[PDB]
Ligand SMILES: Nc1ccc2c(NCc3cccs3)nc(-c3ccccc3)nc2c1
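Below, in structure tokens: the form solved without the named molecule, a single chain.
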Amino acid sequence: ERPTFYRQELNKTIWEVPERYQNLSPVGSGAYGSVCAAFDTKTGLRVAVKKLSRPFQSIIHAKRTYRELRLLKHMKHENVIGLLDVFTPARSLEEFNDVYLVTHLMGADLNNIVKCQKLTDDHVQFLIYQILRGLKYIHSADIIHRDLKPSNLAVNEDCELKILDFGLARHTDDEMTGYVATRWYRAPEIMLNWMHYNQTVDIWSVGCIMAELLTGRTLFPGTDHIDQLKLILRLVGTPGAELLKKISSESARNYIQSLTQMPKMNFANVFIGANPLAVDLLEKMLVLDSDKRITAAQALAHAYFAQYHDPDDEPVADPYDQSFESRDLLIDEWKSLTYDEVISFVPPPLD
């Protein structure tokens, strides 16, 4: 019942995969993993296979591996990445050292859509509706993406959209420094570590994405953390005392207060010619105080999506047990938990 595996070297990386996966071709790599495109002869699908890099090298990495697998096994929604397969060449826990994760091959992301074609208001409605529909689902499981951006959004030729995470490297300060798309979609509270963050950090990102779909241009293309903050506060206004009290960081709070006070701008004069309903929704998403931001579930009911909104086809997630997050284990323990989840994996209905 165990499939036969075959070996192949690709860019100095050994790939051992079941025979069903053919025509492996490098797509990308980083500190956390390497990715190949392939043809799944069992399902007839073009797939992307991610091989994790040293998944159990440390406690921190071992835990991250377990977390990703748990997440991936749980997410079953049209607008979210689906796990087609997870495998290891290991025949036992003792020799278990590699984990491979398989999903549908992307190809086009939202970045190349917005860079390479004209989008009507109808397109924007459909794209953002799908992101919000996925977010409702993940947020109902108390799962937060935190790194929503055009390159993490797969879009097909019928404009159908899926949320994933193509991060293959450590989320360091260097990667977040300077004039980088890495930071342009980030909620200010997480960019400047103001406070404990809520799931509406993802709604801020959606606002930034929606704005760029409407104008074709990045909303807050800051040259660094502080330049980006100034771009944000110019649009949305400097915070009042109510928000300032919620900023737990004394240093961050003290910095914001050094800034000259500015009013919220008129969004109709920024997003010129945009559907007034799109302008209205942007104003409800691009709110500095994360307590006051519209939720995904609230947003799906906004009049901007009247064309697509169907309350009987916007599903929530099954309960997701994240007790493991608070738990301290050894590498070998995280490894055994991970091994059990590989072994217990049941493929989605064919296909």
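We call the rigid core the largest set of C-alpha positions that still match within 1.5 Å between the two forms. Heads up: residue numbers just count along the shown sequence, starting at 1.
Figure legend: residue 177 is marked as unmodelled in at least a third of the other comparable entries of the protein. Residue-level annotation: residue 31 lacks coordinates in a third or more of the other entries compared, counting only those that model residues on either side of it. Comparing 168 to 176 with 118 to 126, the stretch with the higher mean C-alpha B-factor in the PDB entry is 168 to 176.
For the pair 66 to 74 and 30 to 38, the mean B factor over Cα atoms is greater in 30 to 38. As recorded in the entry, 242 carries the highest CA temperature factor of 147, 242, 224, 212. Comparing the C-alpha B-factors of 290, 57, 295, 323 in the entry, the top value falls on 57.
When the CA B factors of the chain's modelled residues are split into thirds, the value for residue 143 lands in the middle one. Ranked by C-alpha B-factor against the other modelled residues of its chain, residue 182 falls in the middle third. Among all modelled residues in its chain, residue 188 ranks in the middle third by Cα B-factor. The entry lists a Cα temperature factor for residue 217 that places it in the lowest third of the chain's modelled residues. For residue 284, the recorded CA B-factor ranks within the lowest third of the chain. Only modelled residues enter the ranking.
Another form, the form solved in complex with the named molecule, is not on view; read the next lines as being about it.
Placing the named molecule by C-alpha superposition of the site, using its position in the bound PDB entry, leaves the pocket blocked: at least 3 ligand atoms lie within 2.4 Å of backbone or C-beta atoms here. Contact annotation: of the candidates 279, 192, 214, 141, the single residue with a non-hydrogen atom within 4.5 angstroms of the named molecule in the bound PDB entry is 192. With the partner removed from view, the residue among 317, 300, 288, 294 that has a non-hydrogen atom within 4.5 Å of the named molecule in the bound PDB entry turns out to be 288.
In the bound PDB entry, the named molecule lies within 4.5 Å of some heavy atom of residue 256.
Looking at residue 252, you'd find a heavy atom of it within 4.5 angstroms of the named molecule in the bound PDB entry. Proximity of residue 243 to the named molecule in the bound PDB entry falls within the 4.5 Å heavy atom cutoff. At a distance threshold of 4.5 angstroms between non-hydrogen atoms, residue 97 is out of contact with the named molecule in the bound PDB entry. Just one listed stretch, out of 244 to 252, 88 to 96, 268 to 276, 121 to 129, contacts the named molecule in the bound PDB entry at the 4.5 Å heavy atom level, and that stretch is 244 to 252.
Comparing C-alpha positions between the shown form and the other one after a rigid core fit, one residue in 249, 218, 275, 97 moves 2 angstroms or more. It is 249.
Once both forms are fitted on their rigid core, the CA atom of residue 195 lies 2 Å or more apart between the shown form and the other one. The two forms, fitted on the rigid core, differ between the shown form and the other one by 2 Å or more at the CA of residue 258.
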